[PDB]
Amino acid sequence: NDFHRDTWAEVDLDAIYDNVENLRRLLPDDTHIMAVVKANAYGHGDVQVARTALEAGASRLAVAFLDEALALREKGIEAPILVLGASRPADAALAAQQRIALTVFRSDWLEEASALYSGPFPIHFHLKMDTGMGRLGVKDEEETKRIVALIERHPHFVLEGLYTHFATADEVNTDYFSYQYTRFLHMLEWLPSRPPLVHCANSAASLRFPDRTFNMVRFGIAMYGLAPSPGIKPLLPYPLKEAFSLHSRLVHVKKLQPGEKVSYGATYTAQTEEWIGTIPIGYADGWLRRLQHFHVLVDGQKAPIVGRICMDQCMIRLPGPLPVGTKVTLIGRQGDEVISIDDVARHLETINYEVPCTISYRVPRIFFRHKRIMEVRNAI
């Protein structure tokens, strides 16, 4: 595809391939990698990342809810897909026909799915167990047994796996982590027979403790080259390559005189003879209003966003009079300088996870693999 505005994101699939193949090296031959590709693969592109990760050593994929999995299937992915979240009992027949595995955590769910679905496809279920996260999961013994029993009893229901999720695996202090690991090991005994896929680890516990991950790792944020926390960074076994960058170009350049105002509410006043540039990105692109005092890169230099950020545009104070068409990097490298996603997150007072997720549908993704432009994805 192609696009008709000079704002785009670039996704480096070679960086995603290396982050996966290095864990494939660091893990046991027995142990599968489930690449987590929810939320349009954290804002990087679901198909493009799912494909790259399966080439690199992942055998399975994971999504957040059923529409994200049906979308991967429609685009030609035929690899296994687990929905990590919840679904409707009434949609278990769709999941089955499309070979999507479902998370289960409540007995009344199954009771209901059983009435509604008679066959002929099998449906593979993963039992989530709540250890100390408080989000989804079974917590008591007789609720586990009732699920196992409702699955055992139905001809087309299969328990392929079971799992938990750690609240504090990114935290230096492993004390809630070892409470959750112990609680899990104990809950695994409520089950007759240990199922074929037992998994517990997100990117953090799988790069910190790769042996105490059983036979499947779910690998998320670190695939994208982003650390789980600041605290976990000098504890990780290999370097992560960063996959996402964001670029734009100057579309107007003007010399402002003193006392001249810029943007909504006229909250910026020019004090000297300043060159101001307009770039075609704003908050509907996910470049949120709170980035008003932040530095982008223009011609190797940091340059401040001056005045309020608009829906589709914002302004920067230029080093001097640059030509229209000059590339501005908002996330990425411009020679000598770098802005990382971690930098953007610092200013928005979030975690890195939130940032590529918020760069919207409006922003094209240009994909690079084997150091060459592979593909353009423009959503509108």
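Quick note: we count residues from 1 along the sequence shown, nothing fancier.
Between 163-171 and 275-283 (mean CA B-factor, as deposited), the higher: Stretch with the greater average CA B-factor: 163-171.
Is the mean CA B factor in the deposited entry higher across 200-208 or across 84-92? Per the PDB record, 200-208.
Select one of 245, 229, 98, 248: the residue whose C-alpha shows the highest B-factor in the crystal structure entry. The record points to 229.
Criterion, highest CA B-factor; candidates, 186, 135, 241, 308: Highest C-alpha B-factor among the listed residues goes to 186.
Position of residue 313 among the chain's modelled residues by C-alpha B-factor, lowest, middle or highest third: Tercile = lowest for this residue's CA B-factor.
Lowest, middle or highest third: where is residue 43 by Cα B-factor in its chain? Answer is lowest: the recorded C-alpha B-factor places it there.
Which third, lowest, middle or highest, does the CA B-factor of residue 145 fall in along this chain? Tercile = highest for this residue's CA B-factor.
Assigned third (lowest, middle, highest) for the C-alpha B factor of residue 323: Its C-alpha B-factor, which the entry lists for residue 323, ranks in the middle third among residues of this chain.
In terms of the chain's CA B-factor thirds, is residue 220 lowest, middle or highest? Its C-alpha B-factor, which the entry lists for residue 220, ranks in the lowest third among residues of this chain.
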